[PDB]
$ cat model_5.csv   # CSV, C-alpha atoms
chain,number,residue,atom,x,y,z
A,1,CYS,CA,0.0,0.0,0.0
A,2,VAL,CA,2.6,2.5,1.1
A,3,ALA,CA,6.4,2.8,0.6
A,4,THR,CA,7.9,2.6,4.1
A,5,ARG,CA,7.7,4.8,7.3
A,6,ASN,CA,6.0,7.4,5.2
A,7,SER,CA,2.2,7.2,5.3
A,8,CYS,CA,0.7,3.7,5.6
A,9,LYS,CA,-2.7,5.3,5.0
A,10,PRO,CA,-4.0,8.8,4.0
A,11,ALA,CA,-4.9,9.8,7.5
A,12,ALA,CA,-2.7,7.8,9.9
A,13,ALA,CA,-0.6,4.6,10.1
A,14,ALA,CA,-2.7,1.7,8.7
A,15,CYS,CA,-1.0,-0.1,5.8
A,16,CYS,CA,-3.2,-2.3,3.4
A,17,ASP,CA,-0.6,-4.5,1.8
A,18,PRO,CA,-1.4,-8.2,2.5
A,19,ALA,CA,2.2,-9.4,2.4
A,20,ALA,CA,3.4,-6.4,4.4
A,21,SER,CA,2.4,-5.3,7.8
A,22,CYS,CA,3.1,-2.0,9.6
A,23,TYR,CA,4.2,-1.8,13.3
A,24,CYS,CA,1.9,-0.5,16.0
A,25,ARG,CA,3.8,1.9,18.3
A,26,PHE,CA,0.9,3.5,20.2
A,27,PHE,CA,3.0,6.7,20.4
A,28,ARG,CA,0.7,8.1,17.7
A,29,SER,CA,-2.1,5.5,18.0
A,30,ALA,CA,-1.4,3.5,14.8
A,31,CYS,CA,1.0,1.2,12.9
A,32,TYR,CA,3.6,2.7,10.7
A,33,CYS,CA,5.1,0.7,7.8
A,34,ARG,CA,8.4,-0.2,9.4
$ encode --input "model_5.csv" --output "structure tokens"
Amino acid sequence: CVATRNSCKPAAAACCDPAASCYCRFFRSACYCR
């Protein structure tokens, strides 16, 4: 869905890529594409 550590989703950190998977940090309340 997104490149990496940029913008998993157009609003926060929520990737869509099936093979990939962001990382929930909580600091911002979301999961960034590590």
$ residues_around --input "model_5.csv" --residues "residue 5 in chain A" --least-positions-apart "5" --cutoff "6 Å" --atoms "only C-alpha atoms" --output "list in words"
residues 32, 33 and 34 of chain A
$ atom_distance --input "model_5.csv" --atom1 "CA of residue 1 in chain A" --atom2 "CA of residue 25 in chain A"
18.8 Å
$ residues_around --input "model_5.csv" --residues "residue 28 in chain A" --least-positions-apart "5" --cutoff "12 Å" --atoms "only C-alpha atoms" --output "mmCIF file with C-alpha atoms, in the coordinates of the input"
data_model
loop_
_atom_site.group_PDB
_atom_site.id
_atom_site.type_symbol
_atom_site.label_atom_id
_atom_site.label_comp_id
_atom_site.auth_asym_id
_atom_site.auth_seq_id
_atom_site.Cartn_x
_atom_site.Cartn_y
_atom_site.Cartn_z
ATOM 1 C CA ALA A 11 -4.900 9.800 7.500
ATOM 2 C CA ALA A 12 -2.700 7.800 9.900
ATOM 3 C CA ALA A 13 -0.600 4.600 10.100
ATOM 4 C CA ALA A 14 -2.700 1.700 8.700
ATOM 5 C CA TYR A 23 4.200 -1.800 13.300
#
$ atom_distance --input "model_5.csv" --atom1 "CA of residue 2 in chain A" --atom2 "CA of residue 26 in chain A"
19.2 Å
$ atom_distance --input "model_5.csv" --atom1 "CA of residue 30 in chain A" --atom2 "CA of residue 17 in chain A"
15.3 Å
$ build_atoms --input "model_5.csv" --residues "range 1-31 of chain A" --atoms "N, CA and C atoms" --output "mmCIF file, in the frame of the given file"
data_model
loop_
_atom_site.group_PDB
_atom_site.id
_atom_site.type_symbol
_atom_site.label_atom_id
_atom_site.label_comp_id
_atom_site.auth_asym_id
_atom_site.auth_seq_id
_atom_site.Cartn_x
_atom_site.Cartn_y
_atom_site.Cartn_z
ATOM 1 N N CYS A 1 0.827 -1.201 0.000
ATOM 2 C CA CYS A 1 0.000 0.000 0.000
ATOM 3 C C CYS A 1 0.865 1.257 0.000
ATOM 4 N N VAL A 2 1.745 1.363 0.992
ATOM 5 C CA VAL A 2 2.600 2.500 1.100
ATOM 6 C C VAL A 2 4.091 2.101 0.936
ATOM 7 N N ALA A 3 4.967 3.091 0.796
ATOM 8 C CA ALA A 3 6.400 2.800 0.600
ATOM 9 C C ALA A 3 6.992 2.226 1.894
ATOM 10 N N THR A 4 7.276 3.078 2.875
ATOM 11 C CA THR A 4 7.900 2.600 4.100
ATOM 12 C C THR A 4 8.107 3.801 5.074
ATOM 13 N N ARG A 5 7.540 3.724 6.274
ATOM 14 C CA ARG A 5 7.700 4.800 7.300
ATOM 15 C C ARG A 5 7.394 6.147 6.660
ATOM 16 N N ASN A 6 6.359 6.197 5.827
ATOM 17 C CA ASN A 6 6.000 7.400 5.200
ATOM 18 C C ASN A 6 4.519 7.800 5.535
ATOM 19 N N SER A 7 3.581 6.982 5.068
ATOM 20 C CA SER A 7 2.200 7.200 5.300
ATOM 21 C C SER A 7 1.339 5.980 4.982
ATOM 22 N N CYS A 8 1.454 4.945 5.808
ATOM 23 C CA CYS A 8 0.700 3.700 5.600
ATOM 24 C C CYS A 8 -0.648 3.985 4.972
ATOM 25 N N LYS A 9 -1.363 4.949 5.542
ATOM 26 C CA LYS A 9 -2.700 5.300 5.000
ATOM 27 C C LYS A 9 -2.866 6.832 5.055
ATOM 28 N N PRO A 10 -3.685 7.334 4.120
ATOM 29 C CA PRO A 10 -4.000 8.800 4.000
ATOM 30 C C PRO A 10 -4.801 9.297 5.156
ATOM 31 N N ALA A 11 -4.215 9.308 6.349
ATOM 32 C CA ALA A 11 -4.900 9.800 7.500
ATOM 33 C C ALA A 11 -4.167 9.386 8.808
ATOM 34 N N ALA A 12 -3.427 8.286 8.730
ATOM 35 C CA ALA A 12 -2.700 7.800 9.900
ATOM 36 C C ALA A 12 -1.722 6.671 9.462
ATOM 37 N N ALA A 13 -1.517 5.715 10.363
ATOM 38 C CA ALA A 13 -0.600 4.600 10.100
ATOM 39 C C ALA A 13 -1.416 3.278 10.044
ATOM 40 N N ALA A 14 -1.888 2.920 8.854
ATOM 41 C CA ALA A 14 -2.700 1.700 8.700
ATOM 42 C C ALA A 14 -2.459 1.127 7.270
ATOM 43 N N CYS A 15 -1.335 0.452 7.057
ATOM 44 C CA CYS A 15 -1.000 -0.100 5.800
ATOM 45 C C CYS A 15 -2.171 -1.033 5.287
ATOM 46 N N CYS A 16 -2.138 -1.400 4.010
ATOM 47 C CA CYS A 16 -3.200 -2.300 3.400
ATOM 48 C C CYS A 16 -2.549 -3.495 2.792
ATOM 49 N N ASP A 17 -1.277 -3.393 2.425
ATOM 50 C CA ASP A 17 -0.600 -4.500 1.800
ATOM 51 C C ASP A 17 -0.764 -5.789 2.603
ATOM 52 N N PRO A 18 -1.187 -6.858 1.911
ATOM 53 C CA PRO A 18 -1.400 -8.200 2.500
ATOM 54 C C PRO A 18 -0.126 -8.837 2.975
ATOM 55 N N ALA A 19 0.866 -8.832 2.093
ATOM 56 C CA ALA A 19 2.200 -9.400 2.400
ATOM 57 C C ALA A 19 2.919 -8.630 3.433
ATOM 58 N N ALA A 20 2.720 -7.316 3.415
ATOM 59 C CA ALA A 20 3.400 -6.400 4.400
ATOM 60 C C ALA A 20 2.539 -6.220 5.609
ATOM 61 N N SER A 21 3.110 -5.539 6.598
ATOM 62 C CA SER A 21 2.400 -5.300 7.800
ATOM 63 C C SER A 21 3.137 -4.216 8.669
ATOM 64 N N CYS A 22 2.485 -3.075 8.866
ATOM 65 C CA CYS A 22 3.100 -2.000 9.600
ATOM 66 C C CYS A 22 3.407 -2.429 11.050
ATOM 67 N N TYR A 23 3.799 -1.475 11.889
ATOM 68 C CA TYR A 23 4.200 -1.800 13.300
ATOM 69 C C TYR A 23 3.479 -0.790 14.228
ATOM 70 N N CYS A 24 2.603 -1.310 15.080
ATOM 71 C CA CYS A 24 1.900 -0.500 16.000
ATOM 72 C C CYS A 24 2.827 -0.022 17.162
ATOM 73 N N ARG A 25 2.971 1.292 17.300
ATOM 74 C CA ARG A 25 3.800 1.900 18.300
ATOM 75 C C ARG A 25 3.011 2.439 19.473
ATOM 76 N N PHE A 26 1.819 2.928 19.150
ATOM 77 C CA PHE A 26 0.900 3.500 20.200
ATOM 78 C C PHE A 26 1.248 4.989 20.362
ATOM 79 N N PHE A 27 2.526 5.337 20.257
ATOM 80 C CA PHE A 27 3.000 6.700 20.400
ATOM 81 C C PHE A 27 2.027 7.680 19.704
ATOM 82 N N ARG A 28 1.584 7.276 18.517
ATOM 83 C CA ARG A 28 0.700 8.100 17.700
ATOM 84 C C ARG A 28 -0.678 7.443 17.575
ATOM 85 N N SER A 29 -0.796 6.221 18.081
ATOM 86 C CA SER A 29 -2.100 5.500 18.000
ATOM 87 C C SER A 29 -2.269 4.918 16.608
ATOM 88 N N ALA A 30 -1.299 4.146 16.128
ATOM 89 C CA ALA A 30 -1.400 3.500 14.800
ATOM 90 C C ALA A 30 -0.177 2.659 14.523
ATOM 91 N N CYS A 31 -0.137 2.084 13.325
ATOM 92 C CA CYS A 31 1.000 1.200 12.900
ATOM 93 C C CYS A 31 1.643 1.731 11.667
#
